[PDB]
Structure formats: C-alpha cells, structure tokens
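As provided, run.pdb (PDB, C-alpha atoms) reads as follows.
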MODEL        1
ATOM      1  CA  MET S   1      20.797  60.919 -42.888
ATOM      2  CA  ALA S   2      21.438  57.403 -41.617
ATOM      3  CA  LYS S   3      24.280  58.281 -39.266
ATOM      4  CA  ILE S   4      22.328  60.514 -36.890
ATOM      5  CA  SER S   5      24.012  58.920 -33.901
ATOM      6  CA  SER S   6      27.725  59.684 -33.831
ATOM      7  CA  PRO S   7      27.897  57.603 -30.592
ATOM      8  CA  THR S   8      26.338  54.173 -30.416
ATOM      9  CA  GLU S   9      24.032  52.947 -27.670
ATOM     10  CA  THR S  10      27.027  52.028 -25.497
ATOM     11  CA  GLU S  11      28.971  55.135 -26.403
ATOM     12  CA  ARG S  12      26.007  57.367 -25.676
ATOM     13  CA  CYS S  13      25.598  55.385 -22.461
ATOM     14  CA  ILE S  14      29.139  56.296 -21.693
ATOM     15  CA  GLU S  15      28.641  59.975 -22.443
ATOM     16  CA  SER S  16      25.531  59.762 -20.342
ATOM     17  CA  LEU S  17      27.706  58.671 -17.457
ATOM     18  CA  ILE S  18      29.927  61.599 -18.334
ATOM     19  CA  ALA S  19      26.938  63.920 -18.196
ATOM     20  CA  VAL S  20      25.470  62.617 -14.942
ATOM     21  CA  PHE S  21      28.826  62.039 -13.278
ATOM     22  CA  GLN S  22      30.380  65.376 -14.122
ATOM     23  CA  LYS S  23      27.260  67.364 -13.256
ATOM     24  CA  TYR S  24      27.036  65.947  -9.710
ATOM     25  CA  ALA S  25      30.746  65.385  -9.149
ATOM     26  CA  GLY S  26      31.186  68.861 -10.548
ATOM     27  CA  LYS S  27      29.278  70.180  -7.542
ATOM     28  CA  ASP S  28      32.039  69.363  -5.070
ATOM     29  CA  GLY S  29      34.658  70.805  -7.395
ATOM     30  CA  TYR S  30      37.444  68.611  -6.014
ATOM     31  CA  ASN S  31      38.861  66.531  -8.883
ATOM     32  CA  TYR S  32      35.542  65.835 -10.562
ATOM     33  CA  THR S  33      34.751  63.304  -7.865
ATOM     34  CA  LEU S  34      31.280  62.528  -6.599
ATOM     35  CA  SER S  35      31.291  63.503  -2.972
ATOM     36  CA  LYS S  36      29.199  61.855  -0.270
ATOM     37  CA  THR S  37      26.301  64.311  -0.262
ATOM     38  CA  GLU S  38      26.596  64.798  -4.019
ATOM     39  CA  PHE S  39      26.264  61.057  -4.425
ATOM     40  CA  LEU S  40      23.445  60.984  -1.915
ATOM     41  CA  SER S  41      21.585  63.551  -3.975
ATOM     42  CA  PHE S  42      22.715  61.735  -7.127
ATOM     43  CA  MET S  43      21.486  58.334  -6.071
ATOM     44  CA  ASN S  44      18.208  59.693  -4.709
ATOM     45  CA  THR S  45      17.572  61.457  -8.024
ATOM     46  CA  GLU S  46      19.379  59.713 -10.823
ATOM     47  CA  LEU S  47      19.120  56.296  -9.180
ATOM     48  CA  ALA S  48      15.962  56.690  -7.148
ATOM     49  CA  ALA S  49      14.778  53.586  -8.994
ATOM     50  CA  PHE S  50      17.387  51.633  -7.063
ATOM     51  CA  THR S  51      17.747  53.837  -4.003
ATOM     52  CA  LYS S  52      14.063  54.140  -3.143
ATOM     53  CA  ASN S  53      13.538  50.473  -3.962
ATOM     54  CA  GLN S  54      16.081  49.470  -1.333
ATOM     55  CA  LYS S  55      14.662  50.724   1.993
ATOM     56  CA  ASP S  56      16.834  53.450   3.514
ATOM     57  CA  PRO S  57      19.460  55.965   2.235
ATOM     58  CA  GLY S  58      22.044  54.195   4.362
ATOM     59  CA  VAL S  59      22.508  52.045   1.296
ATOM     60  CA  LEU S  60      24.071  54.972  -0.543
ATOM     61  CA  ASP S  61      26.504  54.959   2.335
ATOM     62  CA  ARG S  62      27.328  51.348   1.630
ATOM     63  CA  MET S  63      27.632  52.060  -2.087
ATOM     64  CA  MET S  64      29.962  54.992  -1.516
ATOM     65  CA  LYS S  65      32.334  53.156   0.811
ATOM     66  CA  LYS S  66      32.329  50.071  -1.421
ATOM     67  CA  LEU S  67      33.155  52.105  -4.502
ATOM     68  CA  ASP S  68      35.335  54.672  -2.711
ATOM     69  CA  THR S  69      38.453  52.822  -3.612
ATOM     70  CA  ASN S  70      40.299  56.118  -3.556
ATOM     71  CA  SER S  71      39.328  56.101   0.096
ATOM     72  CA  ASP S  72      38.614  59.816   0.109
ATOM     73  CA  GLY S  73      34.872  59.587   0.544
ATOM     74  CA  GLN S  74      34.080  60.406  -3.050
ATOM     75  CA  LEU S  75      33.587  58.449  -6.237
ATOM     76  CA  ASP S  76      35.850  59.175  -9.126
ATOM     77  CA  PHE S  77      35.366  58.391 -12.760
ATOM     78  CA  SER S  78      36.113  54.675 -12.310
ATOM     79  CA  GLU S  79      34.531  54.444  -8.843
ATOM     80  CA  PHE S  80      31.273  55.793 -10.235
ATOM     81  CA  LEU S  81      31.623  53.323 -13.071
ATOM     82  CA  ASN S  82      32.237  50.535 -10.609
ATOM     83  CA  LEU S  83      28.863  51.590  -9.317
ATOM     84  CA  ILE S  84      27.435  51.586 -12.817
ATOM     85  CA  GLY S  85      28.772  48.052 -13.049
ATOM     86  CA  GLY S  86      26.777  46.908 -10.041
ATOM     87  CA  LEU S  87      23.768  48.892 -11.146
ATOM     88  CA  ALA S  88      23.886  47.464 -14.636
ATOM     89  CA  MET S  89      24.398  44.022 -13.244
ATOM     90  CA  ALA S  90      21.323  44.490 -11.078
ATOM     91  CA  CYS S  91      19.183  45.568 -14.031
ATOM     92  CA  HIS S  92      20.780  42.844 -16.153
ATOM     93  CA  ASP S  93      19.975  40.338 -13.426
ATOM     94  CA  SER S  94      16.448  41.738 -13.488
ATOM     95  CA  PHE S  95      16.274  40.909 -17.184
ATOM     96  CA  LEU S  96      17.893  37.532 -16.616
ATOM     97  CA  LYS S  97      15.183  36.876 -14.053
ATOM     98  CA  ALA S  98      12.585  38.180 -16.518
ATOM     99  CA  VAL S  99      13.453  38.148 -20.221
ATOM    100  CA  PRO S 100      17.118  38.620 -21.230
ATOM    101  CA  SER S 101      16.357  37.873 -24.862
ATOM    102  CA  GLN S 102      16.920  41.534 -25.751
ATOM    103  CA  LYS S 103      17.957  40.464 -29.241
ATOM    104  CA  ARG S 104      16.862  43.668 -30.957
ATOM    105  CA  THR S 105      16.893  43.051 -34.691
TER
ATOM    106  CA  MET P   1       3.927  64.716 -18.550
ATOM    107  CA  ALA P   2       7.140  65.618 -16.739
ATOM    108  CA  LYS P   3       8.221  62.067 -15.951
ATOM    109  CA  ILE P   4       8.680  60.856 -19.524
ATOM    110  CA  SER P   5      11.900  59.112 -18.583
ATOM    111  CA  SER P   6      11.286  56.242 -16.182
ATOM    112  CA  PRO P   7      15.090  55.626 -16.245
ATOM    113  CA  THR P   8      17.517  58.467 -15.728
ATOM    114  CA  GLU P   9      20.511  59.229 -17.921
ATOM    115  CA  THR P  10      22.617  56.683 -16.018
ATOM    116  CA  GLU P  11      19.827  54.149 -15.792
ATOM    117  CA  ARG P  12      19.078  54.441 -19.486
ATOM    118  CA  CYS P  13      22.826  54.157 -20.032
ATOM    119  CA  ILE P  14      22.649  50.957 -18.111
ATOM    120  CA  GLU P  15      19.723  49.604 -20.099
ATOM    121  CA  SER P  16      21.608  50.650 -23.177
ATOM    122  CA  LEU P  17      24.409  48.365 -22.088
ATOM    123  CA  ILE P  18      21.743  45.738 -21.569
ATOM    124  CA  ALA P  19      20.488  46.298 -25.097
ATOM    125  CA  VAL P  20      23.878  46.300 -26.815
ATOM    126  CA  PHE P  21      25.359  43.594 -24.616
ATOM    127  CA  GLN P  22      22.484  41.152 -24.827
ATOM    128  CA  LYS P  23      22.011  41.610 -28.571
ATOM    129  CA  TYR P  24      25.638  40.716 -29.394
ATOM    130  CA  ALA P  25      26.252  38.340 -26.501
ATOM    131  CA  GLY P  26      22.915  36.828 -27.416
ATOM    132  CA  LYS P  27      24.442  35.771 -30.729
ATOM    133  CA  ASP P  28      26.722  33.160 -29.172
ATOM    134  CA  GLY P  29      23.888  31.867 -27.019
ATOM    135  CA  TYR P  30      26.231  30.582 -24.306
ATOM    136  CA  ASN P  31      25.326  32.311 -21.026
ATOM    137  CA  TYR P  32      24.654  35.717 -22.531
ATOM    138  CA  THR P  33      28.380  36.254 -22.880
ATOM    139  CA  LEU P  34      30.012  38.279 -25.615
ATOM    140  CA  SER P  35      32.140  35.852 -27.535
ATOM    141  CA  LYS P  36      35.365  36.735 -29.327
ATOM    142  CA  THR P  37      33.926  37.230 -32.807
ATOM    143  CA  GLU P  38      30.732  38.707 -31.364
ATOM    144  CA  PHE P  39      32.858  41.228 -29.522
ATOM    145  CA  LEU P  40      34.949  41.798 -32.610
ATOM    146  CA  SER P  41      31.809  42.623 -34.548
ATOM    147  CA  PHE P  42      30.531  44.539 -31.515
ATOM    148  CA  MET P  43      33.593  46.695 -31.105
ATOM    149  CA  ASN P  44      33.908  47.352 -34.836
ATOM    150  CA  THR P  45      30.276  48.485 -34.936
ATOM    151  CA  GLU P  46      29.183  49.742 -31.560
ATOM    152  CA  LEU P  47      32.653  50.977 -30.632
ATOM    153  CA  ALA P  48      34.094  51.750 -34.034
ATOM    154  CA  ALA P  49      34.754  55.210 -32.605
ATOM    155  CA  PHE P  50      37.366  53.620 -30.367
ATOM    156  CA  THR P  51      38.255  50.570 -32.435
ATOM    157  CA  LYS P  52      38.891  52.342 -35.732
ATOM    158  CA  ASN P  53      40.664  55.159 -33.916
ATOM    159  CA  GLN P  54      43.192  52.717 -32.488
ATOM    160  CA  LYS P  55      44.982  51.215 -35.517
ATOM    161  CA  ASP P  56      44.266  47.498 -35.873
ATOM    162  CA  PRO P  57      41.542  45.040 -34.676
ATOM    163  CA  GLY P  58      44.186  43.267 -32.626
ATOM    164  CA  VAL P  59      43.221  45.755 -29.956
ATOM    165  CA  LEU P  60      39.855  44.053 -29.564
ATOM    166  CA  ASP P  61      41.938  40.996 -28.833
ATOM    167  CA  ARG P  62      43.694  42.855 -26.062
ATOM    168  CA  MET P  63      40.389  44.177 -24.743
ATOM    169  CA  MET P  64      38.817  40.733 -24.708
ATOM    170  CA  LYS P  65      41.662  39.023 -22.866
ATOM    171  CA  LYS P  66      41.960  41.911 -20.402
ATOM    172  CA  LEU P  67      38.261  41.827 -19.616
ATOM    173  CA  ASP P  68      37.857  38.054 -19.987
ATOM    174  CA  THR P  69      38.223  37.541 -16.304
ATOM    175  CA  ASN P  70      36.043  34.469 -16.629
ATOM    176  CA  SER P  71      38.877  33.216 -18.789
ATOM    177  CA  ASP P  72      36.521  31.590 -21.260
ATOM    178  CA  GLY P  73      37.180  33.910 -24.160
ATOM    179  CA  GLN P  74      33.951  35.825 -23.777
ATOM    180  CA  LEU P  75      32.816  38.886 -21.891
ATOM    181  CA  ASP P  76      30.037  38.504 -19.413
ATOM    182  CA  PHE P  77      27.801  41.137 -17.955
ATOM    183  CA  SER P  78      30.510  42.502 -15.640
ATOM    184  CA  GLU P  79      33.376  41.868 -18.083
ATOM    185  CA  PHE P  80      31.599  43.938 -20.714
ATOM    186  CA  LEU P  81      31.022  46.562 -18.056
ATOM    187  CA  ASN P  82      34.668  46.455 -17.112
ATOM    188  CA  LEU P  83      35.129  47.378 -20.730
ATOM    189  CA  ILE P  84      32.537  50.115 -20.446
ATOM    190  CA  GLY P  85      34.581  51.348 -17.509
ATOM    191  CA  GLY P  86      37.704  51.728 -19.612
ATOM    192  CA  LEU P  87      35.728  53.136 -22.499
ATOM    193  CA  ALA P  88      33.983  55.662 -20.302
ATOM    194  CA  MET P  89      37.245  56.542 -18.678
ATOM    195  CA  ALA P  90      38.742  57.149 -22.103
ATOM    196  CA  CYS P  91      35.896  59.455 -23.134
ATOM    197  CA  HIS P  92      35.968  61.045 -19.679
ATOM    198  CA  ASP P  93      39.702  61.560 -20.064
ATOM    199  CA  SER P  94      38.917  63.093 -23.446
ATOM    200  CA  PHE P  95      36.649  65.581 -21.702
ATOM    201  CA  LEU P  96      39.186  66.130 -18.948
ATOM    202  CA  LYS P  97      41.688  66.925 -21.672
ATOM    203  CA  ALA P  98      39.097  69.155 -23.360
ATOM    204  CA  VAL P  99      36.256  70.523 -21.233
ATOM    205  CA  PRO P 100      35.007  68.409 -18.293
ATOM    206  CA  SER P 101      32.760  71.193 -17.063
ATOM    207  CA  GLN P 102      29.689  69.234 -18.177
ATOM    208  CA  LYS P 103      27.673  70.966 -15.472
ATOM    209  CA  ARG P 104      24.348  70.766 -17.288
ATOM    210  CA  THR P 105      21.901  73.021 -15.485
TER
ENDMDL
END

I need this file expressed as structure tokens, please.
Amino acid sequence: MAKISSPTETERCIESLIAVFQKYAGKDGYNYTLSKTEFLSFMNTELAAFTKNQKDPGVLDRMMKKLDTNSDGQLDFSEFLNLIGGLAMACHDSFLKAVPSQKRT
Amino acid sequence: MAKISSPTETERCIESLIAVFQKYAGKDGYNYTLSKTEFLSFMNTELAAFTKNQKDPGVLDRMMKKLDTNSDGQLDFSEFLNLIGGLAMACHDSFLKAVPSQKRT
C-alpha cells in the first residue's frame, strides 16, 4: 500500500487545523468560532511553543484582536487561519534564520 | 514519554507547510517562493484532492494569480498560506456541510 496518506502533508495540515480549531472553537458552541478564553486555553496548550516563548498571555489578547476580523471577540475558520499564517511565517522565518533548505527528497 | 510531540497538531501542521512549501518553492531557488510550474506540480501532487476535483489545471492558474500578491508569479510564505487558508476553509466547509463536530476528547 503506497497510498497510505489520502491527504498530503499540506492537506493533513489543513485537517489538523480542522481538528484543533473545531475542538476548541467547538467549546464555545457559537458558530464554531474560537472564543477568547477558548483561544487563551488553545494558545497556551496547542501553541505554548509560541505563547510561553513570548513573555505574558497578554499576547494572546493581541493575537485575538488582530485576527478577530469578525470583531466579535472570537476567531472563525479564516481568522484562526490568519493566525496560522502568522504562526507559520514565524516558524518559517525561524527556518530562514536557521536552515530553510528543507528540500526533502 | 508523554511529550512525544514537541509540536502540536497546529504546529506540526505549520511545519508541514514548511516542509511542502520549501521543498517545492525550493525548486525555483528564487527567494523560497513557489513558482508557477512548481505550484502547478505542487497542486497536482500535494493538492490533487482539490486540483483534480475541480476540472482543469487552469484553476491552479487562478489560485496562483489570486495568491500572488507579490505580483511576481510565485507564492511566498504568506501567499502559500493564503492558499492554505482557502484550502482549509474548503475542507472546513466540507465538514460544516457534513459533520463539524470534530470535538476530539
């Protein structure tokens, strides 16, 4: 069985975001939107790498309100992904400042 | 060993995007930007789920020019992630039109 991965690395990444997003956003039960405290818990757990590396949880506050383009105080599908964009760009930048030659053969 | 995953599901998703992005974008060797043909190959391989489900590869053309905010004809870190946003939103929407109760305990 060569095709063990129905999704690819990006697609599975995407379904990962589905998993993590919908489990935390699914706590507030609004419109599958990641509420303030849900995102606080989210970022301190699922993004503790970033969150705890910052300095104080007030950053999650800055994240939320930056991404909260719906201006409801929650992060929807795209708002969470906007986040993922900045997150990815931070880790990418890490690689660019380290070794971005991730040319996996 | 409980902490076998240094990255979380979102963080690993993010490093996945690093992996897939930098391997294809690393083919053009510009500024780690996913060039037209590199993205064509990318989307037909890594996103064949979406690409082949559309109808014709001219869609990748539409993706590129939508995401090519750098207006160079390539997708950078954020432009690829803009893509990932629309991709994720499509798969999310799939779940929302199916079963978005991905409340993994």

Tell me which residues the PyMOL selection byres ((chain P and resi 104) around 9) grabs here, as a PyMOL selection string. (chain S and resi 19-20+22-23) or (chain P and resi 101-103+105)

Once the ChimeraX specification (/S :<8) & /P has been evaluated on this model, what residues remain selected, and can you format them as a ChimeraX atom specification? /P:7-20,22-24,26,46-47,49,77-78,81-82,84-85,87-89,91-92,100-104

Please save C-alpha atoms of the selected residues as a short mmCIF file (atom, residue, chain, number, x, y, z; two decimals), in the frame of the given file.
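Saved result, out.cif, follows:
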data_model
loop_
_atom_site.label_atom_id
_atom_site.label_comp_id
_atom_site.auth_asym_id
_atom_site.auth_seq_id
_atom_site.Cartn_x
_atom_site.Cartn_y
_atom_site.Cartn_z
CA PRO P 7 15.09 55.63 -16.24
CA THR P 8 17.52 58.47 -15.73
CA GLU P 9 20.51 59.23 -17.92
CA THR P 10 22.62 56.68 -16.02
CA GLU P 11 19.83 54.15 -15.79
CA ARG P 12 19.08 54.44 -19.49
CA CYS P 13 22.83 54.16 -20.03
CA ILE P 14 22.65 50.96 -18.11
CA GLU P 15 19.72 49.60 -20.10
CA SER P 16 21.61 50.65 -23.18
CA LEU P 17 24.41 48.36 -22.09
CA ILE P 18 21.74 45.74 -21.57
CA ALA P 19 20.49 46.30 -25.10
CA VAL P 20 23.88 46.30 -26.82
CA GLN P 22 22.48 41.15 -24.83
CA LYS P 23 22.01 41.61 -28.57
CA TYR P 24 25.64 40.72 -29.39
CA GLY P 26 22.92 36.83 -27.42
CA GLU P 46 29.18 49.74 -31.56
CA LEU P 47 32.65 50.98 -30.63
CA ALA P 49 34.75 55.21 -32.60
CA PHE P 77 27.80 41.14 -17.95
CA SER P 78 30.51 42.50 -15.64
CA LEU P 81 31.02 46.56 -18.06
CA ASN P 82 34.67 46.46 -17.11
CA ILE P 84 32.54 50.12 -20.45
CA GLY P 85 34.58 51.35 -17.51
CA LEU P 87 35.73 53.14 -22.50
CA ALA P 88 33.98 55.66 -20.30
CA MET P 89 37.24 56.54 -18.68
CA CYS P 91 35.90 59.46 -23.13
CA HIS P 92 35.97 61.04 -19.68
CA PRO P 100 35.01 68.41 -18.29
CA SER P 101 32.76 71.19 -17.06
CA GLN P 102 29.69 69.23 -18.18
CA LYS P 103 27.67 70.97 -15.47
CA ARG P 104 24.35 70.77 -17.29
#

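Computed from the coordinates, the atom CA of residue 2 of chain P to atom CA of residue 53 of chain S distance equals 20.8 Å.
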
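Ranking P:71, P:51, P:98, P:76 by their shortest atom-to-atom distance to residue 30 of chain P, with all atoms listed in the file included, puts P:76 first.
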
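Atom CA of residue 40 of chain P is found 13.7 Å from atom CA of residue 54 of chain P.
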
Selection in question (the file shown): the PyMOL selection byres ((chain S and resi 37) around 12). Which residues does it include, as a ChimeraX atom specification? /S:24-25,27-28,33-36,38-44,57-58,60-61,64,73-75

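Taking atom CA of residue 99 of chain P as the reference point, atom CA of residue 66 of chain P is found at 29.2 Å.
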
Using all atoms of segment 11-21 of chain S listed in the file and a margin of 5 Å per side, can you give the axis-aligned box centre and edge lengths in Å to one decimal, as lines of an AutoDock Vina configuration file?
center_x = 27.7
center_y = 59.5
center_z = -19.8
size_x = 14.5
size_y = 18.8
size_z = 23.1

Kindly complete segment 20-42 of chain S to N, CA, C and O atoms; the output should be written as a short mmCIF file (atom, residue, chain, number, x, y, z; two decimals), keeping the file's coordinate frame.
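Result went into part.cif, see below:
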data_model
loop_
_atom_site.label_atom_id
_atom_site.label_comp_id
_atom_site.auth_asym_id
_atom_site.auth_seq_id
_atom_site.Cartn_x
_atom_site.Cartn_y
_atom_site.Cartn_z
N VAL S 20 26.01 62.74 -16.29
CA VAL S 20 25.47 62.62 -14.94
C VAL S 20 26.58 62.68 -13.90
O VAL S 20 26.43 63.32 -12.85
N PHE S 21 27.70 62.05 -14.21
CA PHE S 21 28.83 62.04 -13.28
C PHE S 21 29.36 63.44 -13.08
O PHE S 21 29.45 63.93 -11.96
N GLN S 22 29.68 64.11 -14.17
CA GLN S 22 30.38 65.38 -14.12
C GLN S 22 29.48 66.52 -13.68
O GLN S 22 29.97 67.57 -13.26
N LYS S 23 28.16 66.34 -13.74
CA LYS S 23 27.26 67.36 -13.26
C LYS S 23 27.14 67.31 -11.73
O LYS S 23 27.08 68.35 -11.07
N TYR S 24 27.12 66.10 -11.16
CA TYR S 24 27.04 65.95 -9.71
C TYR S 24 28.41 66.02 -9.05
O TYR S 24 28.58 66.68 -8.03
N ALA S 25 29.38 65.34 -9.64
CA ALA S 25 30.75 65.39 -9.15
C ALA S 25 31.31 66.78 -9.32
O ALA S 25 32.20 67.21 -8.58
N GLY S 26 30.77 67.50 -10.29
CA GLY S 26 31.19 68.86 -10.55
C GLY S 26 30.61 69.84 -9.55
O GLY S 26 30.84 71.05 -9.64
N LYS S 27 29.83 69.34 -8.59
CA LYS S 27 29.28 70.18 -7.54
C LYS S 27 30.29 70.36 -6.42
O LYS S 27 30.36 71.42 -5.80
N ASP S 28 31.07 69.32 -6.16
CA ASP S 28 32.04 69.36 -5.07
C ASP S 28 33.31 70.08 -5.51
O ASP S 28 34.01 70.69 -4.70
N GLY S 29 33.57 70.03 -6.81
CA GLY S 29 34.66 70.81 -7.40
C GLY S 29 36.05 70.35 -6.98
O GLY S 29 37.01 71.09 -7.16
N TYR S 30 36.15 69.15 -6.43
CA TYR S 30 37.44 68.61 -6.01
C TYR S 30 38.30 68.24 -7.23
O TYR S 30 39.06 69.06 -7.75
N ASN S 31 38.15 67.01 -7.70
CA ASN S 31 38.86 66.53 -8.88
C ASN S 31 37.87 65.86 -9.81
O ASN S 31 38.17 64.84 -10.44
N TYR S 32 36.68 66.46 -9.90
CA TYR S 32 35.54 65.83 -10.56
C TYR S 32 35.28 64.47 -9.94
O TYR S 32 35.32 63.44 -10.61
N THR S 33 35.03 64.49 -8.65
CA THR S 33 34.75 63.30 -7.86
C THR S 33 33.42 63.49 -7.16
O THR S 33 33.11 64.58 -6.68
N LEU S 34 32.62 62.44 -7.13
CA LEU S 34 31.28 62.53 -6.60
C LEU S 34 31.31 62.34 -5.10
O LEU S 34 31.46 61.23 -4.59
N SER S 35 31.17 63.46 -4.41
CA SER S 35 31.29 63.50 -2.97
C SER S 35 30.10 62.82 -2.31
O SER S 35 29.12 62.51 -2.98
N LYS S 36 30.21 62.59 -1.01
CA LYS S 36 29.20 61.86 -0.27
C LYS S 36 27.81 62.43 -0.53
O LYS S 36 26.97 61.76 -1.11
N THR S 37 27.61 63.68 -0.14
CA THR S 37 26.30 64.31 -0.26
C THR S 37 25.88 64.46 -1.73
O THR S 37 24.69 64.38 -2.06
N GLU S 38 26.86 64.66 -2.60
CA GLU S 38 26.60 64.80 -4.02
C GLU S 38 26.10 63.48 -4.57
O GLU S 38 25.23 63.44 -5.44
N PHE S 39 26.63 62.40 -4.02
CA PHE S 39 26.26 61.06 -4.42
C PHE S 39 24.94 60.68 -3.80
O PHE S 39 24.15 59.94 -4.38
N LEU S 40 24.71 61.18 -2.60
CA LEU S 40 23.44 60.98 -1.92
C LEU S 40 22.33 61.60 -2.74
O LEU S 40 21.33 60.94 -3.06
N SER S 41 22.52 62.85 -3.11
CA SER S 41 21.58 63.55 -3.98
C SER S 41 21.49 62.84 -5.32
O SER S 41 20.39 62.61 -5.83
N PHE S 42 22.64 62.48 -5.87
CA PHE S 42 22.72 61.74 -7.13
C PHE S 42 21.87 60.49 -7.06
O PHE S 42 20.94 60.32 -7.84
#
